[PDB]
Amino acid sequence: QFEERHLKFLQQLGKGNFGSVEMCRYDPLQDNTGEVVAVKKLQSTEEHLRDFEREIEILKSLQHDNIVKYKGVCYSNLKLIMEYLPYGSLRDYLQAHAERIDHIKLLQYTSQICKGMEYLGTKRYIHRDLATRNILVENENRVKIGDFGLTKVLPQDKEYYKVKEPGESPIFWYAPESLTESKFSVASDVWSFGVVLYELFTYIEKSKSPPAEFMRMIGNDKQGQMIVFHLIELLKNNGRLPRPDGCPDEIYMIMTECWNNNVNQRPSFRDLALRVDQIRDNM
Ligand SMILES: NC(=O)c1cnc2[nH]ccc2c1N[C@@H]1[C@@H]2C[C@@H]3C[C@H]1C[C@@](O)(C3)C2
């Protein structure tokens, strides 16, 4: 329902899981007016096309404040049309404005990521790619989960979805049962949320990121697909990301409790939202 000839290229925004996202002016009157939007397209196999159409449907089915807004599609090679958010990714915003973002603000974002995820759960959706690079900023007070490219629907009958053909993955955000048995759940999204909260309290220092930090603990000399093996074994032996500099005990406990080897012990997003809110209301 969006006409290709009316989408005017302004600039690239970045590359996602498969395809890429552009900033365009939608100008169907062909005057000067018309909103700016974000346009996703594939760089395109059949397997990817199937997934992209699933992604569109997932995004269409979501209405939440903490989820990026679907606007429409563009047929002629599919295009997904979304709201454009001018502050960009949380990782970029945080790096740009690090000096005016205090711990309270960080827990406000944390709280909003929890709400959006709690909402994902009610629809039995598994995000699988929770990371600050995937969170967008709407304004200094509101963030939105974007990129639903790897998101899966739980079948009506099972509490986990096994992912056939695991391509090159965000391995440092993955729960152990995801790395071993390709098993994805509300519990694995909770683990990843734990890494997101870790990212926030490091303020995305380069050397403090989850990849830099696990490679430290494995050894920079280790290589290839050995990396994944050493990571699985490290996690089995209760090796964990360190407490970020300036991160209080109470906050670290949320992270370590999210990073439980036992799937059933990991807290719920309902618990995480409430717990975060109180620590926030404790300052
Ligand atoms: N609504 C959007 O998709 C969107 C809106 N405004 C934006 N401003 C900068 C990126 C961006 C958007 N998507 C970006 C795209 C996909 C994914 C999430 C974003 C950052 C990323 O690195 C990874 C590239």
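FYI, side chains are in, hydrogens and waters are out, and symmetry mates aren't considered; it's all heavy atoms of this structure. One is the number of the first residue; the rest follow in order along the sequence.
Taking a cutoff of 4.0 Å between a charged side-chain nitrogen and a carboxylate oxygen, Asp277 and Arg280 qualify as a salt bridge. Between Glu159 and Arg124 there is a salt bridge, since a side-chain N of the basic residue sits under 4.0 Å from a carboxylate O of the acidic one. Taking the charged nitrogens against the carboxylate oxygens, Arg54 and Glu57 have no contact shorter than 4.0 Å, which rules out a salt bridge. Contact check on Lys115 versus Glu118 returns no salt bridge, with no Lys/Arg side-chain nitrogen under 4.0 Å from an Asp/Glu carboxylate oxygen.
Sequence neighbours left out, the pairs with a member in residues 8-52 that pass ring-ring contact (aromatic ring centres under 6.0 Å, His included) are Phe2-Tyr26, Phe18-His48.
The heavy-atom pair separating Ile56 from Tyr70 by the smallest distance is CG2-CE1, 4.1 Å. Between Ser188 and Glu177, the closest heavy-atom pair is CB-OE2, 3.8 Å. Looking at every heavy atom in both residues, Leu62 comes nearest to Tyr119 through CD2-CE2, 3.4 Å. Contact record, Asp147 with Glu55: OD1-OE2, 4.1 Å, taken as the closest heavy-atom pair. Nearest heavy-atom pair across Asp31 and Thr33 is OD1-OG1, 2.6 Å.
A distance of 12.5 Å separates CG in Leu136 from CZ in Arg91, rounded to the nearest 0.5 Å.
Side-chain rings of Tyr161 and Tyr125 stay apart, their centers remaining 6.0 Å or farther from each other. Checked against the 6.0 Å centroid threshold, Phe201 and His103 count as a close aromatic pair.
Screening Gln11, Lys41, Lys40 for a side-chain hydrogen bond (donor to acceptor under 3.5 Å, both in side chains) with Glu22, the sole residue that qualifies is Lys41.
Proximity of a side-chain donor or acceptor of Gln108 to a complementary backbone N or O of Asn141 within less than 3.5 Å is detected.
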task: Evaluate the criterion side chain to side chain contact (heavy atoms under 4.5 Å, CB included) for residue pair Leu106 and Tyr203; output intermediate values, then yes/no.
output: CA-CA 9 Å; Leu106 284 184; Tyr203 284 79; 3.5 Å; yes
task: List the steps, then state whether salt bridge (charged side-chain N to carboxylate O under 4.0 Å, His left out) holds for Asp51 with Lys152.
output: CA-CA 10 Å; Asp51 291 308; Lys152 296 308 200 177; 3.7 Å; yes
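Using bins of under 30°, 30° to 60° and over 60° for the plane-to-plane angle, the ring pair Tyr198/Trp259 lands in the tilted bin.
Partners of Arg5 under the side chain to side chain contact (heavy atoms under 4.5 Å, CB included) rule, at least two apart in sequence or in another chain, are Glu3.
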